[PDB]
Amino acid sequence: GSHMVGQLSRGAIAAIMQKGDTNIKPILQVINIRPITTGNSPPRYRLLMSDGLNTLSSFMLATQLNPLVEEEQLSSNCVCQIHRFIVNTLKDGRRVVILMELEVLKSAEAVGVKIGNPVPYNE
Ligand SMILES: Cc1cccc(-n2nc(C(=O)O)cc2-c2ccccc2)c1
Ligand SMILES: Cc1cccc(-n2nc(C(=O)O)cc2-c2ccccc2)c1
């Protein structure tokens, strides 16, 4: 409906990256998905997601959610609610947000566009 950016949890990306609170169940839009280089292990998918204000490319799907990308409705433009996630930190200090449980609220085809004008989160 109208006010599309209101469909997303504006501020959730900053909340995740600055507060590290995991009790939230934010609604985010998938902007892009791509495999990361693995080899000799199940594929892993990285997501560029948006909360309407910011985008962040630090998301990775838990492997248990791979079928959503491979078989069902998880692709660019879909709107999802994250029901469970954890933040992990690499040795170099970069954070990786692992999505453990997510629900597709609106399919890519039902949304069809990048909502709002989100800008990259700097961190
Ligand atoms: C920090 C971050 C967040 C999300 C994805 C990535 N990432 N992207 C790629 C890739 O090949 O594109 C590889 C990684 C990676 C993840 C964990 C450890 C080492 C590398 C990195
Ligand atoms: C210690 C640490 C730091 C960052 C990410 C993780 N991590 N957690 C999961 C998971 O699915 O739970 C998967 C990874 C991962 C491991 C190697 C490369 C890319 C991602 C673990």
Side-chain angles (χ1 to χ4, degrees), residues 1-39 41-72 74-122:
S2 292
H3 192 51
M4 281 182 278
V5 71
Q7 299 288 103
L8 304 183
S9 289
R10 287 176 286 182
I13 283 166
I16 291 167
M17 298 292 284
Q18 296 163 5
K19 297 272 177 294
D21 53 345
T22 54
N23 293 307
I24 54 169
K25 299 196 306 184
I27 296 174
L28 303 174
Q29 185 178 36
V30 177
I31 302 305
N32 194 36
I33 305 179
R34 73 163 176 86
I36 61 160
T37 302
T38 54
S41 63
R44 299 305 303 264
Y45 297 101
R46 180 181 178 184
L47 299 86
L48 177 64
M49 310 192 72
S50 167
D51 69 358
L53 293 181
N54 285 122
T55 61
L56 186 74
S57 62
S58 307
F59 294 96
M60 282 186 42
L61 274 189
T63 61
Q64 66 191 9
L65 299 183
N66 282 4
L68 300 184
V69 178
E70 294 164 354
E71 173 177 355
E72 304 292 345
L74 197 68
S75 57
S76 302
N77 297 324
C78 81
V79 171
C80 306
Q81 178 158 36
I82 310 307
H83 289 275
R84 188 170 52 142
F85 67 97
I86 53 167
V87 174
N88 273 128
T89 304
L90 302 177
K91 292 182 291 195
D92 62 28
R94 285 179 302 169
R95 266 143 181 194
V96 184
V97 180
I98 311 294
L99 305 177
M100 298 299 298
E101 293 184 342
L102 75 79
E103 171 185 0
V104 179
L105 299 179
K106 295 187 76 67
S107 72
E109 296 74 25
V111 184
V113 293
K114 174 168 58 57
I115 290 161
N117 190 7
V119 297
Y121 183 81
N122 302 127

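Order of appearance sets the numbers: ligands from 1, and atoms from 1 within every ligand. Residues take their numbers from the sequence shown, with the count starting at 1.
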Next on the checklist: What verdict does the side chain to side chain contact (heavy atoms under 4.5 Å, CB included) test give for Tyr45 and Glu70, after you've listed the backbone C-alpha separation in whole Å, the side-chain angles of each residue and the deciding distance to 0.1 Å?
Outcome noted: CA-CA 10 Å; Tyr45 297 101; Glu70 294 164 354; 2.8 Å; yes
I'd like a table of the close N/O pairs between ligand 2 and the protein (anything under 3.5 Å), one pair per line with both atom names and the distance.
| residue | atom | partner | partner atom | Å |
| --- | --- | --- | --- | --- |
| ligand 2 | 11 (O) | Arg44 | NH2 | 3.3 |

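Atoms of ligand 1 found under 4.0 Å from any heavy atom of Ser58 (numbered from 1 in listed order, with element): 3 (C), 4 (C).
Partner of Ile82 under the side chain to side chain contact (heavy atoms under 4.5 Å, CB included) criterion, chosen from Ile24, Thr22, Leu28: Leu28. Among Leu99, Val97, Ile33, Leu8, the single residue meeting the side chain to side chain contact (heavy atoms under 4.5 Å, CB included) criterion with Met49 is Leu99.
Using a 4.5 Å heavy-atom threshold, the side chains of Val96 and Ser58 count as separate. With a 4.5 Å cut-off on side-chain heavy atoms, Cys78 and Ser76 do not count as touching.
In this structure, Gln7 and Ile27 approach most closely via the heavy-atom pair O-CG2, 3.3 Å.
Residue-to-ligand polar distances keep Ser57 apart from ligand 1: every N/O pair is separated by 3.5 Å or more.
Counting heavy atoms of neighbouring residues, nucleotides and ligands inside a 6.0 Å radius, atom CG of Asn23 does not exceed 12 of them.
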